[PDB]
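Here we start with a single chain on its own, the form deposited without the partner chain, put down as structure tokens.
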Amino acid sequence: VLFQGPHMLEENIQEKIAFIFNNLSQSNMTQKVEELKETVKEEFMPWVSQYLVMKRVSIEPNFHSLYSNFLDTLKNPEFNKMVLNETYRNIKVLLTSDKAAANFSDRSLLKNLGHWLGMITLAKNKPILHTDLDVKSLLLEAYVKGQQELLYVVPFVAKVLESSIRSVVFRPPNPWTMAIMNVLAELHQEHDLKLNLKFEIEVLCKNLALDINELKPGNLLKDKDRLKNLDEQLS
């Protein structure tokens, strides 16, 4: 379904996969799950993964609970990792892309993918490995590159951390979750940071049932030695 070629029109595999996820509901879910297994070869699941993440998930955050339930009913761990790896691939296209304040779509895509990321990782009690994505280092990197990168990253990080509440492990006061919240707390009390991002962080705090003044900012934004030698995840 990515780069759909000439031979895939007659049978229209994308048009067939699309029939599964559109008009999907809690009512017809078990019917759609069995239909996916019945009408689509197991060899084609990578393409199904690509269609789900890219064509649906990235522009339908209202449907993420439904799609996450789809994965649950499907019970295909191999397909779940396809989706996860495909989720990381899409996140990186946006992270490594060239940023502007003028393009809103790319930021909404990045957020929705972040929200989805947390719903299939944190909320399912599975960690976001730093080999795939280093969240805390992402914030530190966004700080040195300027407001343009911060505008992309901060709401993105907020959307993935929102799922820690529905997690049994990643809820506060998880050392991993709180380590990130402390860096955001550090960014919050920076005269440089725009007001909307300061507001974004406060919204996130209450969304995690936290008092932003009970957080414990460190001195990571002043560690210029650590700031320069970051493994870059942005452009």
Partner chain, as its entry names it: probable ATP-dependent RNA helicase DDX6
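C-alpha atoms forming the largest set that superposes within 1.5 Å between two forms make up the rigid core. Positions refer to the first chain, counted from 1.
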Mean Cα B-factor comparison, 161 to 169 or 138 to 146, giving the higher one as deposited: 138 to 146
Out of 78 to 86 and 95 to 103, which one has CA B-factors that are higher on average in the deposited record? 95 to 103
Could you tell me which one of 151, 110, 71, 117 shows the highest CA temperature factor in the PDB record? 151
So where's residue 64 on the chain's Cα temperature factor ranking, which third? lowest
By the entry's values, the third containing the CA B factor of residue 189 is the highest
Compare the C-alpha B factor of residue 30 with those of the other modelled residues in its chain, then answer lowest, middle or highest third. highest
Would you mind ranking residue 208 by its C-alpha B-factor against the rest of the chain and naming the third, lowest, middle or highest? middle
Quick tally, chain-level thirds of C-alpha B-factors: residue 52 sits in the lowest
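Note that the form deposited with the partner chain bound isn't included here; everything after this is about it.
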Exactly one residue in 84, 74, 144, 123 has a non-hydrogen atom within 4.5 Å of the partner chain in the entry with it bound; which is it? 144
Exercise: residue 169 in contact with the partner chain in the entry with it bound, heavy atom 4.5 Å: yes
Spell out, yes or no, whether the shortest heavy atom distance between residue 96 and the partner chain in the entry with it bound is within 4.5 Å. yes
So in the entry with it bound, is the partner chain close enough to residue 115 to count as touching (4.5 Å, heavy atoms)? no
Does at least one non-hydrogen atom of residue 70 fall within 4.5 angstroms of the partner chain in the entry with it bound? no
Quick check for you: superpose on the rigid core, then look between the shown form and the other one for a C-alpha move of 2 Å or more. Which of 108, 85, 103, 73 is it? 103
Closer or farther: how do the CA atoms of residue 101 and residue 50 lie in the entry with it bound, compared with the form shown, if the change is at least 3 Å? closer
